[PDB]
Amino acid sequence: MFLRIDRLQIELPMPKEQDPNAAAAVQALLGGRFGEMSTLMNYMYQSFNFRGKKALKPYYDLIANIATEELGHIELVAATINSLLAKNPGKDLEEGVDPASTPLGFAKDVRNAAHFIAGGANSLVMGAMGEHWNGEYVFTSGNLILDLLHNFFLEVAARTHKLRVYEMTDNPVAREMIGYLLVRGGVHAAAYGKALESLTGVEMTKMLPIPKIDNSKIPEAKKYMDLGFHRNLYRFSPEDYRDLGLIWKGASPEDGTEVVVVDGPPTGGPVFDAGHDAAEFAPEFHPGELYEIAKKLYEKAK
């Protein structure tokens, strides 16, 4: 079972301008083959399907726990896309929009028109070409070593996509998210590499980084390394998965320093609200009446 905390994993900056094509590129990191939906669903299904949940417990704890972290990463990437698509971020009401004035005219010419037609200027479950995420992006073979080898690869392929998208947009909201997730993905790659070394004797972490560029060269990633976050494997569970430190120990690939398990999630930051976009009818064309209904739900004695 799962619980939810109404917080993003980190604070994101306020966007300052809508940037559709940046949002379309960032979609690769959400619903593309190596996006966060893929790391999430790979680890989630491997955790469901895991044989030897007690006999191979440290490895089960690892996959079950990292799957849980990736839930917050789909959330964070979706918030980033929503930030880039928001017309009036954080504002409950805009007035004066007339459909006949062609208020979505710009959207005719952007790469991803679906953001504005199917979505209400919001994230979709798709990649940078509009391709919807598909369950064949999941590998769940039942063989622990084969799955871990796949997962090591998956994290460094995902990192490669994050780096390339970083190089496509200088939007600060996108770069903040990417910097943080480069650091988290470095932790995951390192953790799967340590798990493989424990099972096989092959020193997989010595292959890192892939590609051969250090996170310290990406300013927004270095920001988070400077706070120590490359050392931390957070245990996203009240009472379970307590044996992570049997694998998550020893040296960090980033700097050689000792890594640690942190019990519980990080503090986080607030969730994002894109505000009213009347041309998208989101959350309604003129939402004042609905806001009044919600207000009155609280005004009650019962």
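From 1 onward, residues are counted along the sequence shown.
Two stretches are in play, 88 to 96 and 119 to 127, and the higher mean C-alpha B-factor belongs to 88 to 96. On average the C-alpha atoms of 253 to 261 have higher B-factors than those of the other stretch, with 233 to 241 and 253 to 261 being the two compared.
Residue-level inspection of the entry shows that, of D226, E155, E75, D147, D226 has the top Cα B-factor. Which of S216, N112, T80, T140 has the largest Cα B-factor in the deposited entry comes down to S216.
Compared with the other modelled residues of the chain, the Cα B-factor recorded for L104 ranks in the middle third. When the modelled residues of the chain are ordered by their C-alpha B factor, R175 lands in the middle third. When the CA B factors of the chain's modelled residues are split into thirds, the value for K212 lands in the middle one.
Per the deposited record, the Cα B-factor of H132 falls in the middle third when ranked against the other modelled residues of its chain. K206: CA B factor lies in the highest third for its chain, per the PDB record.
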